Amino acid sequence: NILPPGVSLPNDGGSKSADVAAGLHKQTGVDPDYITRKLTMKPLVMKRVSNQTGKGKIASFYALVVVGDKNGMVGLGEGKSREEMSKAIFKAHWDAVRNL
Amino acid sequence: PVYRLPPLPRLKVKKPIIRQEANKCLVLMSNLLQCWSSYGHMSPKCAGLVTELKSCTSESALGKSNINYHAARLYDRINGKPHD
Amino acid sequence: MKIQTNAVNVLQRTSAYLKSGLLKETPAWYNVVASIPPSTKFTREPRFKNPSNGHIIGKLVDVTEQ
Amino acid sequence: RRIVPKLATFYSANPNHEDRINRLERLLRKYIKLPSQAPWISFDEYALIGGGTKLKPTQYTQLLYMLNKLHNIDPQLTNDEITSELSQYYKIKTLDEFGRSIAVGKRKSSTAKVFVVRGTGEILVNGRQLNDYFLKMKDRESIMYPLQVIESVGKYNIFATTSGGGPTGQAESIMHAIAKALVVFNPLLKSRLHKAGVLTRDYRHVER
Amino acid sequence: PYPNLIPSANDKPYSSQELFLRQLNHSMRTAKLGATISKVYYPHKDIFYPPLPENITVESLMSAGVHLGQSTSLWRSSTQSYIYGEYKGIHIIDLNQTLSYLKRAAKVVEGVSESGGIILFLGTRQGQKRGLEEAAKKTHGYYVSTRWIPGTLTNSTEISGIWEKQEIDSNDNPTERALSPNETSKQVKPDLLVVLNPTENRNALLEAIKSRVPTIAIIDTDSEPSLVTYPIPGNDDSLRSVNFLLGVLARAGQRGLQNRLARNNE
RNA sequence: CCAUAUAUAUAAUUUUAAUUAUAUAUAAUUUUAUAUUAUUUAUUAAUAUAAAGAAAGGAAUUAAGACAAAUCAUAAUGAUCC
Ligand SMILES: [Mg+2]
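Just so you know, the protein sequences line up as chains E, Z, U, I and B, in that order.
Read left to right, the first sequence gives residues 104 to 117, 120 to 205 (PDB author numbering).
Read left to right, the second sequence gives residues 6 to 68, 75 to 95 (PDB author numbering).
PDB author numbering applies: residue 1 is where the third sequence begins, and numbers increase by one.
Read left to right, the fourth sequence gives residues 35 to 71, 81 to 134, 145 to 261 (PDB author numbering).
PDB author numbering applies: residue 128 is where the fifth sequence begins, and numbers increase by one.
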């Protein structure tokens with residue numbers, strides 16, 4: 104094999122909840138297991154918002170989600186993505202976990 | 006009396022005026038021309054001045076405002092705006 | 001500015017995070033801040049006496065006194 | 035056990051540079067009393092050990108200022124600490150058997166090889182008299198000029214051998230070669246010759 | 128002692144370096160003869176010989192200029208309770224309140240250092256680097272004096288994630304263990320943040336609020352007391368007062384560190 | 001990468017132009033010490049003077065729009081036509 108010193112391919116190296126938990130533990134120290142197991146997310150608002158620009162009209166996806174463990178902790182998160190709605194939901198989940 | 010301006014977007018002078026110093030060659034030329042005007046051209050009186058010009062222009066014929080920068084830098088400190 | 005709540009209640013937020021399970025390890029400052037409560041009153045206090053000269057503030061001489 | 039950042043400046047913009055300047059300041063501060071009286084690593088070389096992309100040219104100039112201040116300390120009063128800290132950042146012609154100085158000069162497409170010996174001002178060019186080979190007085194004066202700059206005209210004999218280009222190019226190649234040969238006989242005059250403009254090759258050449 | 132020095136011959140006069148060493152020998156022995164100076168303020172000592180929190184008096188705080196507040200025209204009315212009065216066009220800070228708050232903050236710093244937490248000394252005014260560095264070194268802490276990068280706490284991955292980290296024992300001894308990339312890329316968050324100029328460091332205060340980092344600061348007459356967990360009413364624009372308070376806090380942190388090491392060595 | 005200046009190698013100096021030829025390598029974006037004037041006042045620029053310098057030029061290398069093309073002789077494929 105010709106692997107570089109460190110590979111980063113989890114299937115070829117020679120979902121929203123998991124990535125949210127990992128990034129949150131990396132950035133703020135939150136426990137991944139608590140996020141993945143106990144928190145539950147429901148999207149509240151999902152829409153498409155547009156911006157005019159001299160070249161053309163640019164569309165983006167806005168998501169507002171609410172997360173909570175159903176035992177007294179609740180947080181609201183908003184996410185924007187020009188590419189896809191799923192990424193907007195991912196960012197909203199991230200923010201909601203941050204705003205618990 | 007003291008006049009206090011409102012909170013302004015900027016503090017800048019539209020046209021800063023700089024004190025360029027008139028070239029020595031030009032004023033020496035003017036003095037020579039006045040000499041030849043009064044005494045006469047190639048007059049004995051002011052011929053010495055000619056020598057100076059002959060040197061002063063020999064090598065070459067003729068031989075910046077930071078107010079806006081300092082104003083922009085200092086405005087937040089001196090404007091005296093209310094707290095928040 | 002409004003009197004800020006979040007600066008002085010860091011202990012309460014961290015306690016909620018810890019008990020909920022969102023945070024697993026107590027911060028090193030948690031026990032110290034618990035032992036030393038922050039002062040959470042921001043009140044304008046009345047002054048009745050000028051220290052420099054001793055003049056008493058807030059006194060009215062009634063009609064009977066004359 | 036406890037995980038903590040290595041450097042005391044970890045929360046600064048460029049912690050590596052700040053820590054290194056802190057060490058340099060510490061040494062410059064302990065030994066401030068010592069009186070005073081070799082390139083340094085390049086910008087990329089310091090970037091590798093410092094902030095990398097975060098490294099800034101002003102930071103590099105500050106590093107160089109401190110390093111030059113520390114090095115400029117009088118060598119007789121320096122010690123092992125200063126030298127140890129500074130070490131991390133550190134990156145003759147003669148006459149022949151016949152008493153001749155041999156020099157080679159170039160100008161345009163002309164090349165000249167000159168043998169300069171001590172003598173009485175005699176000159177030969179391609180085995181021919183100077184006036185026969187060089188009809189133009191200006192070229193002869195150009196050949197003379199380096200000799201008369203050091204006022205040694207009439208004290209050396211010159212055997213010049215040219216090839217390529219035309220008259221002026223060959224003459225100025227002889228000039229530059231004569232200057233380079235003269236430097237050997239008395240190195241202390243080199244600066245003098247260098248200030249006359251005869252020890253610098255005229256890099257100008259025909260371009261497309 | 129002085130290697131690579133070539134003495135001069137007895138016949139010839141002294142050299143410049145020989146004269147320098149001769150005058151150094153004179154200075155360390157005889158230049159200080161005639162009197163001993165007492166009751167004189169030397170600025171450097173404020174950094175190197177700070178007093179303990181319990182030994183601080185109101186007179187010592189007033190000598191450092193801690194009481195001198197901002198101009199009455201720049202008053203932040205939320206700081207009313209800390210003010211003793213106004214005098215010569217400026218507000219005077221009540222130094223008894225300053226003493227109480229300073230003792231409380233010194234106890235906080237000592238406790239945090241004794242627990243092995245990370246203490247960050249942030250001060251971005253002109254001549255504050257020396258005291259900040261000395262406080263960080265004697266508290267085994269960290270400091271910033273050039274500029275506070277916004278997002279240093281809330282965006283730690285994009286700012287401070289690239290710099291190297293280190294595993295250490297209870298006695299602060301390097302272990303030289305190899306850290307995994309995930310461990311190296313985690314956020315390392317200060318346990319205590321002390322700010323010398325909170326008026327010019329609103330970003331740091333807001334980040335500490337968001338990240339739940341308890342913070343100390345010197346609250347001048349024009350500064351907001353409620354933006355920090357442990358305010359210290361005092362003058363923040365005079366270097367002497369700032370260095371005095373910082374030295375007190377640093378000595379408290381050093382005492383906490385010494386207690387920690389003493390317990391680990393028993 | 002050229003050009004320039006050097007160092008090593010190679011040539012049994014009759015393939016001789018060793019003043020040359022072509023391989024490798026180094027060098028610079030010049031470095032400094034002061035003076036004067038400006039300066040965000042020094043750990044800064046303008047110059048000038050002195051010192052070490054052979055050191056003074058050049059080309060190439062990316063995308064995004066917009067226009068023009070049939071000696072678009074800068075082509076391919078397709079449409080139609082004999
Ligand atoms: Mg202030």
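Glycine is no exception: its CB is placed at the ideal position from the N, C-alpha and C atoms.
With fewer than 16 neighbouring CB atoms inside 10 Å of its own CB, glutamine 385 of chain B falls in the exposed class. Under a criterion of Cβ atoms nearer than 7 Å, the residues of chain B adjacent to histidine 94 of chain Z are, in order, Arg203, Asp349. Assignment of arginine 15 of chain Z by DSSP, reduced to helix, strand and coil, places it in the coil class. Put simply, of I/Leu129, I/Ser195, I/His51, I/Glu88 the residue whose alpha carbon is nearest the alpha carbon of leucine 62 of chain I is I/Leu129. Contact annotation, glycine 238 of chain B with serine 35 of chain U: C-beta distance approximately 7 Å; criterion of less than 8 Å satisfied. The three-state secondary structure of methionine 228 of chain I, taken from DSSP, is helix. For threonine 133 of chain E, the chain B residues whose Cβ falls inside 7 Å of its Cβ are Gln314, in order along the chain. Apart from sequence neighbours up to five positions away, the residues of its chain that approach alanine 263 of chain B with a beta-carbon distance below 7 Å are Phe248, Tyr269, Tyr270, ordered along the chain. Selection I/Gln71, I/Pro220, I/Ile231 evaluated against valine 202 of chain I yields I/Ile231 as nearest (Cα-Cα).
Nearest neighbour of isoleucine 55 of chain I by Cα position, chosen from I/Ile92, I/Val167, I/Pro82, I/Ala224, turns out to be I/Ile92. Counting only heavy atoms of ligand 1, the residues whose C-beta sits closer than 5 Å to one of them are, along the chain, B/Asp347, B/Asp363, B/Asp364. Within the segment 330-359 of chain B, complete beta strand (DSSP E) segments of at least 3 residues are found at 342-346, given in chain order. Residues of the segment 154-181 of chain E with a C-beta less than 9 Å from any C-beta of chain U: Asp174, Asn176, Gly177, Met178, listed in chain order. Of all residues in the segment 49-61 of chain U, none comes within less than 8 Å of chain E when Cβ atoms are compared.
Rounded to the nearest angstrom, the gap between the Cα atoms of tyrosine 141 of chain B and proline 134 of chain B is 9 Å. CA-CA distance, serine 208 of chain B to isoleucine 37 of chain I, rounds to 41 Å. Using a CB distance cut-off of 7 Å, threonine 302 of chain B does not count as an interface residue toward chain E.
Think of a sphere of 9 Å around the beta carbon of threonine 284 of chain B: the chain E residues whose beta carbon falls inside it are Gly128, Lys131, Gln132, in chain order. Contact between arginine 35 of chain I and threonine 302 of chain B holds, with the beta-carbon distance rounding to 6 Å and staying under 8 Å. Proximity to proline 352 of chain B across B/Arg339, B/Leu332, B/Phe371, B/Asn370 peaks at B/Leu332, based on C-alpha coordinates.
DSSP places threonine 164 of chain I within a strand segment (E or B) once states are collapsed to three. When the beta-carbon positions are compared, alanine 165 of chain I and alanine 213 of chain I come within less than 7 Å of each other. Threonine 348 of chain B counts as buried, since no fewer than 16 other beta carbons sit within 10 angstroms of its beta carbon.
Distance between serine 350 of chain B and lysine 131 of chain E, taken at the CA atoms: about 34 Å.
Looking at Z/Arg84, Z/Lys75, Z/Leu38, the one whose alpha-carbon comes closest to that of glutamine 25 of chain Z is Z/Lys75. CA-to-CA, the gap between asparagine 223 of chain B and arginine 329 of chain B works out to about 27 Å. In this chain, the beta strand (DSSP E) harbouring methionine 146 of chain E covers 145-157. Contact annotation, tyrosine 228 of chain B with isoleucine 359 of chain B: C-beta distance approximately 5 Å; criterion of less than 8 Å satisfied.
Restricting attention to I/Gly95, I/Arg60, I/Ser70, I/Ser154, the CA atom closest to the CA of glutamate 124 of chain I is found in I/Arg60. The contact set of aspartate 200 of chain E on chain U, defined by CB atoms closer than 9 Å, is empty, because the minimum CB distance reaches about 15 Å.
Ranking I/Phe238, I/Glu225, I/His258 by CA distance to the CA of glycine 250 of chain I puts I/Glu225 first.
If you check the CB distance, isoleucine 183 of chain B and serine 198 of chain B do not come in under 7 Å. By the 16-neighbour rule on beta-carbons within 10 angstroms, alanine 52 of chain Z is exposed. When the Cα atoms are used, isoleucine 116 of chain I and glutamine 144 of chain B turn out to be separated by approximately 12 Å. Contact note: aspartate 136 of chain E reaches chain U through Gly21, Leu22, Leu23, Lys24, using a C-beta cutoff of 7 Å and chain order. Against chain I, a Cβ distance below 9 Å from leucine 388 of chain B picks out nothing, because the smallest value is about 14 Å.
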